[PDB]
Amino acid sequence: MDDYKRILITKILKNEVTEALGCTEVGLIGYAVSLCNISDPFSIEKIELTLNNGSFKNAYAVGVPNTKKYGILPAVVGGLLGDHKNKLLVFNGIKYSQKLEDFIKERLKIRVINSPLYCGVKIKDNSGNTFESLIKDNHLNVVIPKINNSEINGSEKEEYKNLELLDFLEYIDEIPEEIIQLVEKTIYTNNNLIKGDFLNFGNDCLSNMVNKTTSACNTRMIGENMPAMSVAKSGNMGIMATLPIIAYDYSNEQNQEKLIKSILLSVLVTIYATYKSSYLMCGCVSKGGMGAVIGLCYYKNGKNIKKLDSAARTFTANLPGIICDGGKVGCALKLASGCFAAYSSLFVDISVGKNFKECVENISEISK
Amino acid sequence: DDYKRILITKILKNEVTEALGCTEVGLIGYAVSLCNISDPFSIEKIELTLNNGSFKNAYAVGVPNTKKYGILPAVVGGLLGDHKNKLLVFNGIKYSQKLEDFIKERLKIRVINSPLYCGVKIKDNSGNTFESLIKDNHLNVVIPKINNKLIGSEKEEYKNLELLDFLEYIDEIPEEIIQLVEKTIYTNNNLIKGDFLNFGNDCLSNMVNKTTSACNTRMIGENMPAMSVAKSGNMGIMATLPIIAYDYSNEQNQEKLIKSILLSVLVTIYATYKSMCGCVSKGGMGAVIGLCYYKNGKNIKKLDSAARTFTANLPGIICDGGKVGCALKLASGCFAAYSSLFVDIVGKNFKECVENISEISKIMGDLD
Ligand code: FES
Ligand code: FES
Ligand SMILES: [Cl-]
């Protein structure tokens, strides 16, 4: 029950659980374009956007919220219309302009590079003035312009990646008030993404998990005007960490107290797995699904360390596809596979590590 | 028209065979039997060299007709069996507890990090030496030099066939092939014993439960054979069991079952010829195609969509955990094959998909 640990986990939770309107690809472009703070978008002579291929491929299939359009072009226009103070909720309240879209299309150049996360914007004005913007790395830090920080150090995340599973189990038993509100907002937000049926096999627990997870994932993908609660700057890791648990709870006890603790443990595990991991390819399901299998195991078996280690082991052995196909449906399919692996891991015991910590570290080593 | 019928029929008779135990123990038994020792009690030393990709998948596998698990009883079973039986070497053996204890004192196991390898070296109480070697794939007997029994240009022609060719073949099946398909259905249905992965009752959870149950029956070493496809019993289970379970859950059409099972076997052999493990990537492709034919008939647009979705939702490929890891991979294969029949998007068509999965399995094999 150390109070130093409680403040460290709280700061990391407040830093890694954030709202994002639209998928990372379009939202990141919109935020980077808004950071240039152009007063008159019609006074622009040239706009060059530099994106890495790893991320931003599949941006063509992503709906930009409040535009009724898909891809990079509407995301740039949306950024010119949005406010940088909104961060990844930049598309909120924007009034899409078809006039600005056609104006920008005949002025937009896209440069694609082969590198980790990168989103740079360079803009030439009709008066010679230049404006630059830059968001970099999977932690989405604004490099250009220099902004005031809520300020997690490298040593802080190093301390968190040395914590044990028991530390997260203790934390969920005495959750701060501010974190209870955050978890409840996460549950509400990600449950609101459930709309039309995407993959409904039956009425049982597993199919409700698959159907609700794939439905929330499709709602984001099509460009609906619903924010999502992302975990470690990934809206997919957010859905994967929360929706299989929200659906499991709906199919079982409908216990709001158990749901808060299981969702929180899942987010804590998802951040932990992300911090231990190195990026090169996807990981939404290997990290978010590990949070889900642990969170589901806590809902099902309580504070049982022998059960938790057995679910981590079975999940690591039944790990889904390394590479995601992308496109309009790829992520939804991987997330449905993640549901199956996380759910089925709660019924098989193996003999891939010897415990939760060794399992997360093993999945980290396979990222080569 | 009739040239294709004879080619397909010969390949069907050559690739659909009975197998008693799992490949790991059966391969050891066959390699030990290839030394053809007259008196097993006249042996001074036995060294078995195995690659790790098959050693780890053998430490808990039951050896048929022994009531024991692992490498030691498989070697003893090989000393008792006949090399003319190949993959059915453990058939009819009379296990000797005296020979087991005798051999345990003289047996050395060397483990190497390489593709499939199973070598046996034996020193006689008279100084004479006897060597055996199977490598790359079971039945590839390098030492001793043997005449080629089962049948490169025939497989090359079959590798160039279209999906339509298999759809035509299942509409006018020879009598000898209908008996083979019925024997395959009976044999693999007989492996279903105790429930392994329940999930209640649904078409999907029935497929999962029956597939994982048949796998567990083989894994524990029961003296009941399996119908293997391109050798490998796991590939036979994956190609047949999900279809047998789907048929039991929806209608009970024996005619549609025969055609769907046959198409699945035809696709499974095709995918194998167009090539590491791949039990689920090849057998599961046969299953999704066979299930799609049961569900939609001779519809090429549906079949193309089923292969595309399966290729995008492709399971693990690299199986860890152990022997239970195979049952988990086959349960994941059930989910991917079943769910692929409800989502439309990869290759673009069946042929491009089989060729694509083949290219990615090579990349996974180059990791180690
Ligand atoms: S990009 Fe991660 S699941 Fe698709
Ligand atoms: S060896 Fe093929 S699924 Fe395990
Ligand atoms: Cl096998």
Side-chain angles (χ1 to χ4, degrees), chain B residues 19-147 219 221 231-232 276-277 320 322 365 368:
Chain B
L20 192 35
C22 297
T23 298
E24 302 89 6
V25 295
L27 192 45
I28 288 173
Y30 183 34
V32 170
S33 73
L34 284 168
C35 294
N36 204 93
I37 46 80
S38 307
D39 186 11
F41 286 105
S42 66
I43 297 173
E44 272 189 352
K45 200 216 153 169
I46 299 191
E47 182 199 61
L48 171 66
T49 306
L50 302 168
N51 70 306
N52 198 46
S54 81
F55 170 90
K56 66 190 182 53
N57 274 308
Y59 91 110
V61 168
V63 186
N65 291 320
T66 75
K67 305 159 300 310
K68 314 298 208 59
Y69 306 91
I71 295 163
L72 179 63
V75 167
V76 178
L79 298 164
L80 299 178
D82 191 6
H83 70 270
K84 301 175 177 183
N85 287 328
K86 302 182 183 313
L87 72 166
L88 291 163
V89 50
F90 300 133
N91 189 60
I93 75 166
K94 290 295 186 180
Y95 204 64
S96 174
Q97 187 59 48
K98 173 186 166 193
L99 186 54
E100 179 184 89
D101 305 352
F102 163 85
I103 285 298
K104 178 170 175 287
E105 305 294 310
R106 293 145 173 89
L107 181 68
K108 293 210 184 158
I109 301 300
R110 179 186 300 273
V111 189
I112 67 182
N113 298 352
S114 76
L116 196 137
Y117 195 95
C118 188
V120 177
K121 281 180 191 160
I122 298 173
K123 195 193 163 47
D124 206 50
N125 61 348
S126 318
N128 307 307
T129 58
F130 316 104
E131 202 186 345
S132 189
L133 181 59
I134 306 168
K135 69 190 271 300
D136 296 328
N137 69 65
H138 31 289
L139 295 177
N140 177 28
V141 184
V142 175
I143 310 174
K145 181 68 182 173
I146 306 172
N147 176 79
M219 195 202 120
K231 292 110 85 167
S232 172
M276 204 163 57
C277 147
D320 288 33
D368 303 344

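Here is how names work: the chains are called A, B, and so on, in the same order as the sequence lines, proteins then strands, and each is numbered from 1. Computed from heavy atoms alone, side chains included, the values below leave out hydrogens, waters and symmetry copies.
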Considering all heavy atoms, the nearest [X]-[Y] contact:
X        : Y        : value
B:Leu80  : B:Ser96  : CD1-N, 3.9 Å
B:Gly78  : B:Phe90  : N-CE2, 3.9 Å
B:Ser132 : B:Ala31  : OG-O, 2.6 Å
B:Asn137 : B:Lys231 : OD1-NZ, 3.7 Å
B:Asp39  : B:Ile43  : O-CG1, 4.3 Å
B:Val76  : B:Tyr95  : CG1-CE1, 3.6 Å

Could you go step by step and tell me if B:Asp136 and B:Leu116 meet the side-chain contact (heavy atoms from CB on, under 4.5 Å) rule?
-> CA-CA 5 Å; B:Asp136 296 328; B:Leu116 196 137; 5.7 Å; no
Does any non-hydrogen side-chain atom of [Y] lie less than 4.5 Å from one of [X]?
X        : Y        : value
B:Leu87  : B:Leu20  : no
B:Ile103 : B:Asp101 : no
B:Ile122 : B:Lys45  : no
B:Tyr59  : B:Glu24  : no

Would you sort out whether B:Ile46 and B:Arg106 count as a side-chain contact (heavy atoms from CB on, under 4.5 Å), showing the intermediate values?
-> CA-CA 6 Å; B:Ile46 299 191; B:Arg106 293 145 173 89; 5.5 Å; no
Donor-acceptor contact below 3.5 Å, side chain [X] vs main chain [Y]:
X        : Y        : result
B:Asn51  : B:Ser114 : yes
B:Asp124 : B:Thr129 : no
B:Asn52  : B:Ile112 : no
B:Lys123 : B:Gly127 : yes

Answer yes or no: is there an ion pair linking B:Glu100 with B:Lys68, defined by an N-O contact shorter than 4.0 Å?
->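 Judged by the 4.0 Å cut-off on N to carboxylate O distance, B:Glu100 and B:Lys68 do form a salt bridge.
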Are any of the side-chain nitrogens in B:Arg110 or B:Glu47 under 4.0 Å away from the carboxylate oxygens of its partner?
-> yes
Roughly how far, to the nearest 0.5 Å, is [atom2] of [Y] from [atom1] of [X]?
X        : Y        : atom1 : atom2 : result
B:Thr49  : B:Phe55  : OG1   : CZ    : 12.0 Å
B:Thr23  : B:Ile28  : OG1   : CD1   : 11.0 Å
B:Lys121 : B:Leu133 : NZ    : CG    : 9.5 Å
B:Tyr30  : B:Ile134 : OH    : CD1   : 6.0 Å
B:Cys118 : B:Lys135 : SG    : NZ    : 13.0 Å
B:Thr66  : B:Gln97  : OG1   : CD    : 10.0 Å

Go through the steps for B:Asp82 and B:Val89 under the test side-chain contact (heavy atoms from CB on, under 4.5 Å), then give the verdict.
-> CA-CA 6 Å; B:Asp82 191 6; B:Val89 50; 6.0 Å; no
For B:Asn57 and B:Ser54, test the side chains for any donor-to-acceptor distance below 3.5 angstrom and give the result as yes or no.
-> no
Should the heavy atoms of other residues, nucleotides or ligands under 6.0 Å from NZ of B:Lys67 be counted, would the total exceed 12?
-> yes
Walk me through it: do B:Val63 and B:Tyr69 pass the test side-chain contact (heavy atoms from CB on, under 4.5 Å)?
-> CA-CA 6 Å; B:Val63 186; B:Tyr69 306 91; over 6 Å; no
